[PDB]
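Structure 1 and structure 2, given next as structure tokens, are two forms of the same protein chain, each shown alone.
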Structure 1
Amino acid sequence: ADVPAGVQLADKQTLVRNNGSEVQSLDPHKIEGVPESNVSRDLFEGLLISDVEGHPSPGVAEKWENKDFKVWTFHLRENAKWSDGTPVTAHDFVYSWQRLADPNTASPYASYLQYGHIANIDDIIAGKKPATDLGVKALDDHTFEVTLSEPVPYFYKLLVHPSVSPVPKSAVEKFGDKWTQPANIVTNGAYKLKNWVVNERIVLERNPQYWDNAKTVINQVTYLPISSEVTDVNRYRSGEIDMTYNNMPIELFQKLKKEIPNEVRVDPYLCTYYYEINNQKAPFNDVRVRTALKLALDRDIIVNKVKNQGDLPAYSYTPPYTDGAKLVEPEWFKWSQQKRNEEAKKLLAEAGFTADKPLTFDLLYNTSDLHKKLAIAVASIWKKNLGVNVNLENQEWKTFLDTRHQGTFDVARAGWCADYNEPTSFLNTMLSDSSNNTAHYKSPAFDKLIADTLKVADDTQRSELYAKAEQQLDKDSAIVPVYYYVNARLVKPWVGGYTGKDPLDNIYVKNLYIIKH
């Protein structure tokens, strides 16, 4: 944290944050969500971290260089240490990235090494070559060298993500899956795990061995797993929660803006809300069926007359404000709803869905007030504009992720946030073989468009290829885009250090501080 001159700091430096739900795990190679990443950034640190405005900055690596965007060399700081006092070395990174690539780890982010194009990743993922073949090497204890199969100019932007953080081999190898219990875990971030009570709380305390420990101000931070946005708000305003999760209740939002406007933080966020269609499950494997759902959805009612929290109606997957996105707006987005409905009714009828035989399916969402209210309004618009019957089903977070990876769903509420600010952070998730592809979308035409972006050394053709890739997804109606998020949350007036400037919202509790109040 960088405390301004003249700020008076409270005597007790502790913070309570709501985190939306119970995390799927504390192991960085086993996580895929925002709740999981919020806690991971405070425990495990990788080569680069984000500064308070979101820019990629030095983490364990003090400096780095590249040769042709293909060979990247990271010089690790000599005082980086684990919480048990042992040093963080280049060998930790070699071990960790081979463990992430290893099919046996079954990481939901296995494909993040493909996004980066580390040499040999495809064969390692496919079981053809051992993980030890990965293109990474420790030249010495403090120099980590990475070799790509192609020039990737934005490569270092990826490195702030939890998946490429280091894991302590000795604990992983001694305790297996219980290496993350408070008694066994070893961490290299600003905090260490003090307590973990499933469905109650996660308590972290400062890690004294952290190399930048002298700038850490908060000594203890608690993460709560409350998935009810109304409860998060009540407990914030009663004084128990200092920072809500960034899901706001439709029930109270307008009233909070009126009553505690200074506490309501609303900033740009690179995330898209959408309904994920299982592309492999009949009748969703029919493009007319997906296109009808996409068209009959009235975004103006949902975004502006139902949620009304500042989001923008979406027509694409990648948010249009992502760095390097130059998207073309589809013409159906330009039509009236009336024309969209007529066309939707027409396509559904071509697929064999009459009034005598309505299309019926389930809409799965992760337990939440906000997602339930939105699913009820959407089930209702689809009923009214298309005559389809929708069954709403809620699942707790970690189970809901599981269901989607397995493909046992029809339609699911979804929301992807960027891991790095470049259009492939979104587009790579739709690759046929991506481990993050829960749409189960497989398109060789889409896959080839993304492959070509790294075969050109021109940012205008790359952008033109990203816009054609969004157009291919749109043509296939792989998903139903709803809105581009605004990051809305409540932050007590005594929480300093949160600018709201990072569009990826990569918050580190080590940068925050409590003002005396």
Structure 2
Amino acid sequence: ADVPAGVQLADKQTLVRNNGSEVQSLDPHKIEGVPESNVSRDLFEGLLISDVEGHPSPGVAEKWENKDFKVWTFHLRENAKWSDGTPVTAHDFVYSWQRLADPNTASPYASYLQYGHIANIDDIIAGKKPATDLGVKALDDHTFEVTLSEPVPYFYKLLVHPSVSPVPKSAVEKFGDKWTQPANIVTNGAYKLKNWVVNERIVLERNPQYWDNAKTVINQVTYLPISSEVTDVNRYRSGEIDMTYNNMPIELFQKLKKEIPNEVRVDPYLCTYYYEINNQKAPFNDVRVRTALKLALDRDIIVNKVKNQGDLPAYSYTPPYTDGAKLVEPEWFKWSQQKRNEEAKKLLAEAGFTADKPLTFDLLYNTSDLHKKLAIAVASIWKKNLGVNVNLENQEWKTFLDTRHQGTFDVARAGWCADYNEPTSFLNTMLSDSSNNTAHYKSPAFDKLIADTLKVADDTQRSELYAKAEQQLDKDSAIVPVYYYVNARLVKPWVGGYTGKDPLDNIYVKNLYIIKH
């Protein structure tokens, strides 16, 4: 952490955080969502970490270079150590990334290397080559080299994610999957595991072997698993929790910002809330109907009267504050609501749907209060501005996902959050063979612009093709964007070091400190 001149430190440097949900795994190769990544970033550290603005900086790797964006060479600092005091080497990274790639590890994030274009990854993931053919290699103990099959100019931007952090070979071979038990585990991040009582709490304490330990200030952090937003706020207001989880109860929120306005922290966040349209299902396969739904939704109401938390009305999929985005607001976004509604109604009438023979479709959302309150306000805004008939259907999270992949829905509620701060985090999900394309958006013009970003070396010219990819999605009206999330949470005023400036929200407890209070 960097403690400001003049700040007085409390004598107990301990922190309590709400992590919104139990963590299933501490194994980098097995984690999947935000709760597990939160804990993972205090325990393990990969080549690069996110700074205060959410830009890659030095983590294990003290410097790196590339030759054509296709060979990458990371110089690892010499004092990086595991908590048993042994060195972190390049060998740990060669091992780790091979274990992430192996189909037998079945990592939820094995595909993250395919975003990087590591040589032979596709053959590895299909089982056609052994994992030891990945193009990674240890030139010596302190020099790791990654060979790609295509230039990927922003490949370093991916290396902050927890999946690409190293795992200790020694403990992996020897304990197999028991390696992450409090007696076997060995970590290389600022913190180490003191205690893990499942569904109750995870307690980390400083790792004195961490290379940057002289700056760590908090000695112990507790992540709780409170899945109820209300209870989060209450326990926080009782003084047991210093920093809630980032989902704020709509109702409660309004009270909280009246009553404890300096502790309500609201900052931009790299997630977009949208309604995904099933692009392959008539009559949603007609671009005029998709446009109509895009145009008549009134984002203002949603964001300023239903939600009212500072979210920004969206007009694209990638959020405009993504690093490397230079988007243009489309013309339709400036029109008034009335002009939008008049045009949407004309578009529907052309496709054969009027007040007398309305579009009627289902609006699928995953069971939850936020989404249901959104789905209701949206069903009603659409009924009034456009004369359609919308039926609300809710499914449980796993059925919901499976229904979206299967393509048996009309319109669905959806959210996407970047894993790294670069537009292809969002845009790769609409590539026509993507695995995350649950809009069933198939567009060769879109796929070609994205492929061209790999061949452009200038960042500003790269950011021009991303803008065109966004304008192509907009023209196809593949989805309906609603808003860009804000990251809202309660943070005690004695929690120093919280800037709210990293739009990924990659908080490292090593950077906070408790102010005397």
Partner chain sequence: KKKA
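Between two forms, the rigid core is the largest collection of C-alphas that superpose within 1.5 Å. Sequence positions of structure 1, starting at 1, serve as the residue numbers.
The form solved without its partner chain appears here as structure 2. Of the residues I450, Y485, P28, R404, the one at the hinge where one rigid part turns against the other between the two structures is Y485. Superimposing on the larger rigid part's C-alpha atoms between the two structures leaves the smaller part rotated by 26 degrees.
Taking the rigid core as reference, the CA displacement of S368 between the two structures comes to 6.5 Å.
For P249, the displacement of the CA atom between the two structures, after superposition on the rigid core, amounts to 1.2 Å. The Cα position of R99 changes by 0.1 Å between the two structures once both are aligned on the rigid core.
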